[PDB]
Amino acid sequence: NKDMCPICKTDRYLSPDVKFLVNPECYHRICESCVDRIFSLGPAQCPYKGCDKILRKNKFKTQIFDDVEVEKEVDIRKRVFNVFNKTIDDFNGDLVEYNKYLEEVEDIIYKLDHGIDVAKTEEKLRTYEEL
Amino acid sequence: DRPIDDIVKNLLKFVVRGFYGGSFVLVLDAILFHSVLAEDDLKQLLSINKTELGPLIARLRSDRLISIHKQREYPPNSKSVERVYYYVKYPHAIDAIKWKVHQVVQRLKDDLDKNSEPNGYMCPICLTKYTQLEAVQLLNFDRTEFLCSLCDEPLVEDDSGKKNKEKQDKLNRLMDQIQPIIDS
Amino acid sequence: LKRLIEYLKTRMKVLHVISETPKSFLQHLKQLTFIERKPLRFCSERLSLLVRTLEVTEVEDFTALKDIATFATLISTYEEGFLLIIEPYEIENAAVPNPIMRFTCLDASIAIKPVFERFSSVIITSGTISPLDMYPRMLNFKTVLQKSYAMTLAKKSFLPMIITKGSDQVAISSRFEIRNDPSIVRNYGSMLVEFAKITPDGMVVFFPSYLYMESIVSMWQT
Amino acid sequence: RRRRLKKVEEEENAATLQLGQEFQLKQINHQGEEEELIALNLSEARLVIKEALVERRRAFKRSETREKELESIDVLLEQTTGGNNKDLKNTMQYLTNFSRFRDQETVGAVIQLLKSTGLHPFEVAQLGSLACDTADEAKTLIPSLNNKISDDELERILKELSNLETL
Amino acid sequence: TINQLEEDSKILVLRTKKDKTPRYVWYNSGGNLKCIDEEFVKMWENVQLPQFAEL
Amino acid sequence: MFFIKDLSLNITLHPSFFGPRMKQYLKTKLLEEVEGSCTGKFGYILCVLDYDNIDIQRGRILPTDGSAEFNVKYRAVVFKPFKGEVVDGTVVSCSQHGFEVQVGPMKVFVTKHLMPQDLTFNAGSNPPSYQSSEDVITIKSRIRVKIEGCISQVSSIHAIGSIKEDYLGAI
Ligand SMILES: [Zn+2]
Ligand SMILES: [Zn+2]
Ligand SMILES: [Zn+2]
């Protein structure tokens, strides 16, 4: 539910203390109380049923956008744009090559968003950030 | 009648059908059908006894589902008695229901938090619990077993954490059952 | 487009009025979403090209996309003389809040600026344009000559008058806060009744706002 | 002075900087004035206690690798400290094994390097104690560093301290 | 018939303490009578309201 | 955690120590039950710093005991543990309940519920240890442990350790 935390099962109505805490590894509607419950002792697996991804308490954050897919796309764009930051001044005014660079960075962002080529793109971005 | 009155009638019906027995259901449904009842009214409609309605009236007064009016009148035979009138105060009753369910879920959450604490220990001879903090001050010279302060017995582990998932599942099974109440 | 719409939804959720320039909005959008101004300037053209190439038979589901593309192009291309207002309450009479995002044009000369550039001679004319010098200050253009004629009449064909008070010398006004005053409404009703009694053919009655009409006509019928 | 019970207080947590009412930043010394709370890192503690022990040895007289240092501090403890030295001997072997810096020059210049941070004495003492290698590792080990130091400054401080540690 | 309607939550009835004998049948205008488990019933009884004026 | 603090202690001198050099018996008697003494209010007191001048003021004779009561004020180095702090140490004992790690002068017990599940007890090893897929926890092994709960009595302090957090465990 967009209003209710499935892990602790508490409504917004009679308990307005819950918060929209999400995890970049796996985006789950989990309140701050459940986060301070489970992951304060240590890293654990995702309390959502059907998911078992490891996750950390300090990596938790609140979701800015209502849509989960848009939020993860923006987070992936943040994780790419920090190292992928060539500008038109980096290209010495070459507009066509800058547009090709924009196409390439949007394509690798899309690939990381859908996970179709996650291994090769991840290796490429590691090799790019090592410079 | 008023749809909001229908909603509060269904809410009181659901709470008395869920958290109360059949006689309580009959009493509250009698009040929800016939708005104000006296003792003889309920006794005639339900064929119930004065001591039989005793715990029912006591519980719905303590839980504020039924209010009482101490009006005495003057019948033409002049054999007047100070009769009591049973009726419902809807906002007070729904506030009492709200407070009761909120304290139930908060107490269950606090019990879940106490179950999130590690297992600890309990000495079976003395039947006294021992937390993990006080176990270390009571360990042996061999650094192997925790011994009791009085019984001097090796401590055995409690179950604070093993039933934590059980308490969470109890909370989940409470939550979907109370869902019509929160919807109301 | 999806993340731009989600950013607009994020900006929509607020408890007070924000008066921000397009530049500040673009900086906030860039630092929170990594959307730049130049891709936003091509949003309408790219959306139209995509809709053409998709060859969609139905277009009823993409009208809000037209609204979003219009907003994006307008707030990206224009930064000076424009203002973005996000009001938590569209109408104050509503119980539930209904937030609204208004992108208004503060400078009226922007739209008419290419008209005066394209055409050398423009004849601005109205029967009731006054004062004449207000508009060259409002709209950045120069007038070679401006003048207002007064009709020459054998007899005074029209008789204006200013009515400042009712029959009982109670002052009459149409301020929206005092529209429920029974004295002012009674004076207006008596005036309208007498004018309807003394006018031969017809009457036209003008009100400052439609809600003022609704209130005063409802209590007139009352 | 008031006689309130004042029994309600938050638990002593190093993450939330709560170390107790007897461990505030300002401490009243025996000469009267408020003075900054003294938190020693492990190398700093070893140097201070060794200086105290050699001072006591000099007072009694008037009245480097880890192997050769352990025997020296052991015979210093035997010739300086009397009974109930088991806790002190455990502390000295602990500070010998967990010694980031050996001589006084390294420790003092580490103090003046950490004084440029302007952070809490407890967290810079932990930084001088814990041998963290990456900034996020120090952040998750010491929760006080969250929203307290810049990541690049923390990274350069940690890699500097890695260069500063000897043997 | 009364018992199979009662377990179907179609009617309301009161039975004697010594034996499950139906005596007076009512109409069940509400829902299921066994929607709440016994543990949630008994922990409901463990809480209380402080006073009429506080809440 | 190690600290330097100014402390005051009430010391009773027996009348036999009312000699011409009472101050040195008083300083020694300050030494043997403060050096290494454990107090729950101020932690394990390690060493009394600045011995040459120690605030020994005029001492009060107890009215029925006859012993002199001196409130000696002194500066000493202490070691007070806290919850939520990370301390390194060496394991000194191991068991199926867990293992005890020696930190400074104090031993902290890490319970069986506070290791990651890959670590399990192996009593067949000599000495008994905790074995995992990547590391072992044996006696005389350096290990980094965070203290998450500590209890202090009037003269004894005990703490609970855990290594389940990342960037903890063996060093
Ligand atoms: Zn939750
Ligand atoms: Zn997950
Ligand atoms: Zn016992």
# chains A, B, ... in the order shown; residues from 1 in each chain; ligands from 1
>>> select_by_dssp(residues="chain B", states="helix (DSSP H, G or I)", output="PyMOL selection string")
chain B and resi 3-19+22-33+39-46+54-62+90-116+132-136+164-177+179-183
>>> residues_near_ligand(ligand="ligand 2", cutoff="7 Å", atoms="only C-alpha atoms and all ligand atoms", output="PyMOL selection string")
chain A and resi 26-28+46-48+51-53
>>> residues_around(residues="residue 31 (chain E)", least_positions_apart="4", cutoff="8 Å", atoms="only C-alpha atoms", output="compact mmCIF listing (two decimals) with N, CA, C and O atoms, in the first residue's frame")
# COMPACT_ATOMS: atom_id res chain seq x y z
N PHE B 14 -20.03 -4.64 14.73
CA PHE B 14 -18.83 -5.40 14.44
C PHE B 14 -17.96 -5.57 15.69
O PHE B 14 -17.42 -6.65 15.92
N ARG B 17 -19.70 -8.06 17.94
CA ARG B 17 -19.67 -9.41 17.39
C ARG B 17 -18.27 -10.00 17.43
O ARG B 17 -18.12 -11.22 17.50
N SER E 9 -23.59 -18.06 10.21
CA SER E 9 -23.73 -16.66 10.64
C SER E 9 -24.93 -15.99 9.98
O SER E 9 -24.87 -14.82 9.58
>>> residues_near_ligand(ligand="ligand 3", cutoff="9 Å", atoms="only C-alpha atoms and all ligand atoms", output="PDB file with C-alpha atoms, in the first residue's frame")
ATOM      1  CA  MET B 122      15.979 -17.926  33.159  1.00  0.00           C
ATOM      2  CA  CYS B 123      16.992 -20.188  36.039  1.00  0.00           C
ATOM      3  CA  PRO B 124      14.487 -23.084  36.195  1.00  0.00           C
ATOM      4  CA  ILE B 125      15.115 -23.772  39.892  1.00  0.00           C
ATOM      5  CA  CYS B 126      14.361 -20.213  41.021  1.00  0.00           C
ATOM      6  CA  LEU B 127      12.023 -19.374  38.071  1.00  0.00           C
ATOM      7  CA  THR B 128      13.587 -15.914  37.702  1.00  0.00           C
ATOM      8  CA  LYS B 129      14.442 -14.347  34.358  1.00  0.00           C
ATOM      9  CA  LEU B 147      25.397 -19.544  37.118  1.00  0.00           C
ATOM     10  CA  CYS B 148      22.415 -18.360  39.138  1.00  0.00           C
ATOM     11  CA  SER B 149      22.855 -15.861  41.961  1.00  0.00           C
ATOM     12  CA  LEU B 150      20.795 -17.932  44.417  1.00  0.00           C
ATOM     13  CA  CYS B 151      20.399 -21.444  42.994  1.00  0.00           C
ATOM     14  CA  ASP B 152      23.970 -21.526  41.566  1.00  0.00           C
ATOM     15  CA  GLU B 153      22.523 -23.394  38.570  1.00  0.00           C
ATOM     16  CA  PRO B 154      23.659 -23.155  34.916  1.00  0.00           C
ATOM     17  CA  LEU B 155      21.272 -20.756  33.202  1.00  0.00           C
TER      18      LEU B 155
END
>>> residues_around(residues="region 119-134 of chain D", least_positions_apart="6", cutoff="7 Å", atoms="only C-alpha atoms", output="VMD selection string")
chain D and resid 39 to 42 144 155 158
>>> write_last_selection(atoms="N, CA and C atoms", output="PDB file, in the first residue's frame")
ATOM      1  N   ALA D  39      40.040  13.164  26.268  1.00  0.00           N
ATOM      2  CA  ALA D  39      39.871  11.822  25.727  1.00  0.00           C
ATOM      3  C   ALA D  39      41.150  11.444  24.997  1.00  0.00           C
ATOM      4  N   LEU D  40      41.746  10.325  25.389  1.00  0.00           N
ATOM      5  CA  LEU D  40      43.019   9.886  24.837  1.00  0.00           C
ATOM      6  C   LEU D  40      42.801   8.739  23.864  1.00  0.00           C
ATOM      7  N   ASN D  41      43.436   8.825  22.699  1.00  0.00           N
ATOM      8  CA  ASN D  41      43.545   7.646  21.861  1.00  0.00           C
ATOM      9  C   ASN D  41      44.554   6.679  22.477  1.00  0.00           C
ATOM     10  N   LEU D  42      44.591   5.464  21.925  1.00  0.00           N
ATOM     11  CA  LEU D  42      45.317   4.369  22.563  1.00  0.00           C
ATOM     12  C   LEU D  42      46.818   4.637  22.603  1.00  0.00           C
ATOM     13  N   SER D 144      29.018   9.258  15.013  1.00  0.00           N
ATOM     14  CA  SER D 144      29.118  10.693  15.240  1.00  0.00           C
ATOM     15  C   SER D 144      29.653  11.439  14.026  1.00  0.00           C
ATOM     16  N   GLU D 155      38.500  11.505   3.937  1.00  0.00           N
ATOM     17  CA  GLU D 155      39.348  10.611   3.153  1.00  0.00           C
ATOM     18  C   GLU D 155      40.812  11.021   3.234  1.00  0.00           C
ATOM     19  N   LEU D 158      42.140  10.286   6.819  1.00  0.00           N
ATOM     20  CA  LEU D 158      42.401   8.863   7.024  1.00  0.00           C
ATOM     21  C   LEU D 158      43.617   8.377   6.245  1.00  0.00           C
TER      22      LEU D 158
END
>>> residues_near_ligand(ligand="ligand 1", cutoff="10 Å", atoms="only C-alpha atoms and all ligand atoms", output="number ranges by chain")
A: 4-11, 17-21, 29-37, 47
>>> interface_residues(of="chain E", to="chain B", cutoff="6 Å", atoms="only C-alpha atoms", output="VMD selection string")
chain E and resid 33 36 41
>>> write_last_selection(atoms="N, CA, C and O atoms", output="compact mmCIF listing (two decimals), in the first residue's frame")
# COMPACT_ATOMS: atom_id res chain seq x y z
N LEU E 33 -19.74 -13.87 13.20
CA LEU E 33 -19.58 -13.75 14.64
C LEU E 33 -18.24 -14.29 15.13
O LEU E 33 -17.88 -14.04 16.29
N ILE E 36 -12.97 -12.73 14.75
CA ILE E 36 -11.82 -12.42 15.60
C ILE E 36 -11.40 -13.69 16.34
O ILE E 36 -12.24 -14.38 16.92
N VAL E 41 -9.30 -11.65 21.11
CA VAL E 41 -10.42 -11.38 22.00
C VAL E 41 -9.92 -11.14 23.42
O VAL E 41 -10.33 -10.19 24.09
>>> atom_distance(atom1="CA of residue 20 (chain C)", atom2="CA of residue 81 (chain C)")
11.6 Å
>>> residues_around(residues="residue 165 (chain B)", least_positions_apart="2", cutoff="12 Å", atoms="only C-alpha atoms", output="list in words")
residues 7, 8, 38 and 47 of chain A; 111, 112, 113, 115, 116, 159, 160, 161, 162, 163, 167, 168, 169, 170, 171 and 172 of chain B
>>> interface_residues(of="chain B", to="chain F", cutoff="9 Å", atoms="only C-alpha atoms", output="count of residues only")
12
>>> residues_around(residues="residue 15 (chain C)", least_positions_apart="6", cutoff="10 Å", atoms="only C-alpha atoms", output="compact mmCIF listing (two decimals) with N, CA, C and O atoms, in the first residue's frame")
# COMPACT_ATOMS: atom_id res chain seq x y z
N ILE C 86 2.55 28.34 -7.25
CA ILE C 86 1.98 27.07 -6.81
C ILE C 86 1.12 27.36 -5.59
O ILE C 86 1.64 27.63 -4.50
N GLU C 87 -0.18 27.30 -5.76
CA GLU C 87 -1.09 27.58 -4.66
C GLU C 87 -1.61 26.28 -4.08
O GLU C 87 -2.11 25.43 -4.83
N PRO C 88 -1.50 26.08 -2.77
CA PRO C 88 -2.06 24.87 -2.16
C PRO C 88 -3.57 24.78 -2.27
O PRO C 88 -4.12 23.67 -2.29
N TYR C 89 -4.25 25.92 -2.35
CA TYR C 89 -5.70 25.96 -2.50
C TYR C 89 -6.03 26.70 -3.79
O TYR C 89 -5.75 27.90 -3.90
N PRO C 97 -7.98 20.36 0.27
CA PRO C 97 -7.12 21.19 -0.57
C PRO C 97 -7.04 20.66 -1.99
O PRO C 97 -7.02 19.45 -2.22
N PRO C 99 -4.49 21.60 -4.86
CA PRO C 99 -3.35 22.40 -5.28
C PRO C 99 -3.35 22.65 -6.78
O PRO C 99 -3.83 21.83 -7.57
>>> atom_distance(atom1="CA of residue 87 (chain B)", atom2="CA of residue 8 (chain B)")
14.1 Å
>>> closest_residue(among="D:53, D:97, D:67, D:167", to="residue 81 (chain D)", atoms="only C-alpha atoms")
D:53
>>> select_by_dssp(residues="region 4-66 of chain A", states="strand (DSSP E)", output="list in words")
residues 21, 22, 44, 45, 54, 55, 61 and 62 of chain A
>>> closest_residue(among="D:1, D:88, D:37, D:103", to="residue 22 (chain D)", atoms="only C-alpha atoms")
D:37
>>> interface_residues(of="chain F", to="chain A", cutoff="10 Å", atoms="only C-alpha atoms", output="list in words")
residues 114, 116, 148, 162, 163, 164, 165 and 166 of chain F
>>> residues_around(residues="residue 85 (chain B)", least_positions_apart="3", cutoff="12 Å", atoms="only C-alpha atoms", output="tab-separated table (two decimals) with N, CA, C and O atoms, in the first residue's frame")
chain	number	residue	atom	x	y	z
B	31	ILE	N	-30.27	-2.31	21.85
B	31	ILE	CA	-30.14	-0.86	21.99
B	31	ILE	C	-30.09	-0.19	20.62
B	31	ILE	O	-30.67	0.88	20.41
B	34	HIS	N	-34.03	-0.73	19.33
B	34	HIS	CA	-34.83	0.13	20.20
B	34	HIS	C	-33.88	1.04	20.97
B	34	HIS	O	-33.11	0.56	21.80
B	35	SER	N	-33.98	2.35	20.70
B	35	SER	CA	-32.89	3.28	21.01
B	35	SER	C	-32.64	3.41	22.51
B	35	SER	O	-31.48	3.43	22.94
B	36	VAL	N	-33.69	3.50	23.32
B	36	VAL	CA	-33.56	3.62	24.76
B	36	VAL	C	-34.33	2.47	25.41
B	36	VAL	O	-35.52	2.27	25.11
B	37	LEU	N	-33.66	1.73	26.28
B	37	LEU	CA	-34.26	0.60	26.97
B	37	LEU	C	-34.05	0.76	28.47
B	37	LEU	O	-33.07	1.35	28.92
B	38	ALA	N	-34.99	0.23	29.24
B	38	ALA	CA	-34.83	0.11	30.68
B	38	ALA	C	-34.49	-1.34	31.01
B	38	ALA	O	-34.24	-2.16	30.12
B	39	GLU	N	-34.45	-1.66	32.30
B	39	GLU	CA	-34.14	-3.02	32.72
B	39	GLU	C	-35.26	-3.98	32.32
B	39	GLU	O	-35.00	-5.06	31.77
B	40	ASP	N	-36.51	-3.60	32.58
B	40	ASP	CA	-37.64	-4.45	32.22
B	40	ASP	C	-37.80	-4.57	30.71
B	40	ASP	O	-38.27	-5.60	30.22
B	41	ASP	N	-37.38	-3.54	29.96
B	41	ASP	CA	-37.43	-3.59	28.50
B	41	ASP	C	-36.54	-4.70	27.96
B	41	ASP	O	-36.99	-5.57	27.19
B	42	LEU	N	-35.27	-4.70	28.37
B	42	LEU	CA	-34.32	-5.71	27.95
B	42	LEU	C	-34.72	-7.09	28.46
B	42	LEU	O	-34.58	-8.09	27.75
B	57	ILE	N	-24.12	-5.37	31.27
B	57	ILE	CA	-24.27	-3.94	31.54
B	57	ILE	C	-22.99	-3.37	32.13
B	57	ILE	O	-22.57	-2.27	31.76
B	66	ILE	N	-22.54	1.51	26.42
B	66	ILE	CA	-23.90	1.82	26.86
B	66	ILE	C	-23.81	2.83	28.00
B	66	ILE	O	-23.07	2.62	28.96
B	67	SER	N	-24.57	3.92	27.88
B	67	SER	CA	-24.71	4.89	28.95
B	67	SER	C	-26.01	4.65	29.71
B	67	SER	O	-26.96	4.06	29.19
B	68	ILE	N	-26.03	5.11	30.96
B	68	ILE	CA	-27.15	4.89	31.85
B	68	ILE	C	-27.73	6.23	32.27
B	68	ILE	O	-27.00	7.20	32.48
B	69	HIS	N	-29.06	6.29	32.37
B	69	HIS	CA	-29.78	7.47	32.82
B	69	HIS	C	-30.57	7.12	34.07
B	69	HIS	O	-31.31	6.13	34.08
B	70	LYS	N	-30.42	7.93	35.11
B	70	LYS	CA	-30.99	7.64	36.43
B	70	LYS	C	-32.31	8.37	36.67
B	70	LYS	O	-32.59	8.82	37.78
B	71	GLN	N	-33.13	8.50	35.63
B	71	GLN	CA	-34.39	9.21	35.76
B	71	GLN	C	-35.44	8.35	36.45
B	71	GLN	O	-35.62	7.18	36.10
B	72	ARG	N	-36.14	8.94	37.42
B	72	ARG	CA	-37.32	8.33	38.01
B	72	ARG	C	-38.54	9.17	37.67
B	72	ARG	O	-38.49	10.40	37.69
B	73	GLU	N	-39.63	8.50	37.32
B	73	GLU	CA	-40.87	9.14	36.91
B	73	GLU	C	-41.96	8.86	37.95
B	73	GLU	O	-41.70	8.28	39.00
B	82	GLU	N	-36.77	4.19	41.05
B	82	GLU	CA	-35.74	4.90	40.30
B	82	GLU	C	-35.17	3.96	39.25
B	82	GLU	O	-34.14	3.31	39.43
B	88	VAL	N	-27.14	4.57	24.11
B	88	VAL	CA	-25.79	4.67	23.57
B	88	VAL	C	-25.46	6.14	23.31
B	88	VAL	O	-26.29	6.91	22.83
>>> interface_residues(of="chain D", to="chain A", cutoff="10 Å", atoms="only C-alpha atoms", output="MDAnalysis selection string")
chainID D and resid 136 139:140 143 146
>>> closest_residue(among="C:34, C:78, C:195, C:71", to="chain A", atoms="only C-alpha atoms")
C:34
